[PDB]
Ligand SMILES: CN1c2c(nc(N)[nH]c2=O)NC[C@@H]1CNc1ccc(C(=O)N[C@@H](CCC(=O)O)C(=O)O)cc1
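The data below hold one chain only, encoded as structure tokens and taken in the form deposited without this ligand.
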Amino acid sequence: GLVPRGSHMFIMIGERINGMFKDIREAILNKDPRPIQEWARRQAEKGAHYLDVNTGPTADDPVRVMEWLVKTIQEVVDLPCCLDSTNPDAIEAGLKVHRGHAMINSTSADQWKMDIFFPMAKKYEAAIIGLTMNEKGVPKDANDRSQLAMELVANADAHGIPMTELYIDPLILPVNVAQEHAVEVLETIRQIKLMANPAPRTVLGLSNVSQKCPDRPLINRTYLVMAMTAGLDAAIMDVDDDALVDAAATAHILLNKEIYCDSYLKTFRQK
């Protein structure tokens, strides 16, 4: 049921080094490392376990941009990167320069993606995020999404990837334009945690639940608590949003995953 089997620390993947934001995008354009480095530091200090790295829309060679981003980050912080790209050569270039064990963001359940990314994860001992979708489109239902999760699991397994290395992303969509999905995504998270022993892990791109809604921060933290209750293991999220992290910390203590003390808000951040 809802009593978690494990007590692994919730994995926070800082979202901020993503060329969808203008500051990163203009850092990349200028080849200016300072914003990248400042954000790397800031997210590390706030408790991030991994840093998401996304080139954003560029007409430059994504391979060189990813390499630069990964080396620039890891020059100033001792964290691993969650390499976030639609381009597999870009991911592979990042993996070759990366120090320590990375995370790949992401493969879809599309056979020819799975066929490309899972060998990569295996080759470079990276974790890998699988998204519950494919070209047929956005799955509707928890049943749909769970079918794709099983497929991901079966492929991961056939490549020899441990379940501890595989993070299924059940695809949260914004609650204003796609409200009904949010509760289907909670039920998917719950079902994913049943599909193997050890279980696959689960992750969300959290800030998607609120894109273009009012009070994003309230919506983000409310859903993060719901999803953690459902069995979520990781999120790509705004680790600079102290209310958010305070909510996750509080949820993690309430799920008896870390032993209470009065300074748990600080402790959770150190773990």
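The first residue of the shown sequence is 1; numbering continues from there.
This next part talks about the form deposited with this ligand bound, which is not shown.
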Counting heavy atoms only and using a 4.5 Å cut-off, do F10, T164 and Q191 all touch this ligand in the bound PDB entry? no
Exactly one residue in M66, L224, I236, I36 has a non-hydrogen atom within 4.5 Å of this ligand in the bound PDB entry; which is it? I236
Options 174-182, 193-201, 129-137, 69-77; stretch whose heavy atom lies within 4.5 Å of this ligand in the bound PDB entry: 129-137
Verify the contact flag for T58: yes if a non-hydrogen atom of it lies within 4.5 Å of a non-hydrogen atom of this ligand in the bound PDB entry, no if not. no
Taking this ligand as it sits in the bound PDB entry, is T229 near enough to touch it, meaning that at least one heavy atom pair lies within 4.5 angstroms? no
Determine whether any heavy atom of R41 comes within 4.5 Å of a heavy atom of this ligand in the bound PDB entry, and answer yes or no. no
Determine whether any heavy atom of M20 comes within 4.5 Å of a heavy atom of this ligand in the bound PDB entry, and answer yes or no. yes
In the bound PDB entry, which residues of 185-215 put a heavy atom within 4.5 Å of this ligand? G205, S207, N208, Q211, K212
